[PDB]
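# Overview (structure and organization)
Single-letter residue listing:
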Amino acid sequence: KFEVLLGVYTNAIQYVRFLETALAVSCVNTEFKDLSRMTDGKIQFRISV
Amino acid sequence: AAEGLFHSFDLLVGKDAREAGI
Amino acid sequence: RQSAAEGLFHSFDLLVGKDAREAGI
């Protein structure tokens, strides 16, 4: 006369990263190494109209 | 001469040199 | 502009007379 353990079940997590989501259509990635080429986190632009 | 500095940001600013450049 | 070189990138270096050490301005 016994008792049974009918199953063991675990969810598995998968991911689909940032460059795969379509929210990235809006922004452009960069190195972050050449953030050290600019000084003080600034970038100048001479825009002519 | 103005190249050799960046990894990619110089490629981002554009290459045409009639519209944008360093 | 607070600092003369904030938004600008640094490319070349002119050394006085000869390219020896960092003593020259």
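Scope of this entry: the structure provided in the associated data block. Per chain, the count goes from 1 following the written sequence and can depart from the entry's numbering; residues without coordinates do not appear at all. Key to labels: chains lettered from A, ligands numbered from 1, both in the order written. As shown, the structure covers only some chains of a larger assembly, and all values describe those chains. Remark: hydrogens and water are excluded; side-chain values derive from all non-hydrogen atoms of the structure.

## Here we look at the interface of chain C and chain B
- Two residues form a contact once any of their heavy atoms are found within 4.5 Å. With four residues of chain C at the contact, the number on the chain B side is four residues.
- When two components associate, each loses some accessible surface as probed by a 1.4 Å sphere; the sum of these losses over both components is called the buried area. Of the roughly 330 Å² buried between chain C and chain B on both sides combined, carbon and sulfur atoms contribute 81%.
- Considering only the surface of chain C that becomes buried against chain B, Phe-9, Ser-11 and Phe-12 of chain C emerge as the three largest contributors, covering 94% of it.
- Within this document, salt bridges are pairs made up of a side-chain nitrogen of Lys or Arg and a carboxyl oxygen of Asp or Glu, the two lying within 4 Å of each other. Scanning the region where chain C abuts chain B turns up zero salt bridges.
- Counted as a polar contact is a pair of N or O atoms within 3.5 Å, where, for protein atoms, one must be capable of donating a hydrogen and the other of accepting one, and residues adjacent in sequence contribute only when both atoms are in side chains. For the pair chain C and chain B, the interface holds zero residue pairs in polar contact.
- Under the scheme applied here, ten amino acids are nonpolar (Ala, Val, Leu, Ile, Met, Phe, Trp, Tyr, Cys and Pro), four are charged (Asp, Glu, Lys and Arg), and all others, including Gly, are polar. When grouped by side-chain class, the residues that make up the side of chain C that touches chain B number two nonpolar, two polar and no charged.

## Focus on unusual backbone geometry
- Positive phi is not limited to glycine here, since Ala-17 of chain B has a value of about 65°.
- Structurally, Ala-17 of chain B can be placed in the segment after α1 (9-12).
- Of note, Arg-21 of chain C is a non-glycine position whose phi angle comes to about 65°, a positive value.
- Any residue under 20% of the maximum accessible area for its type is buried, any over 50% is exposed, and the rest in between are partly exposed; the area is computed with a 1.4 Å probe on protein chains only. A relative accessible area of 80% means that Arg-21 of chain C is categorised as exposed. A run of H or I in DSSP becomes a helix once it reaches four residues, and a run of E becomes a strand once it reaches two; helices and strands are each numbered from the N terminus.

## Quick look at the pattern of salt bridges
- Applying the stated criterion across every chain, the model contains two salt bridges over all chains.
- Put simply, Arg-17 of chain A and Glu-20 of chain A hold a salt bridge, and the shortest N to O gap is 3.8 Å.
- Since its relative accessible area comes to 59%, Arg-17 of chain A is described here as exposed.
- As a salt-bridge pair, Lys-42 of chain A and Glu-6 of chain C come within 3.7 Å of each other at their nearest N and O atoms.

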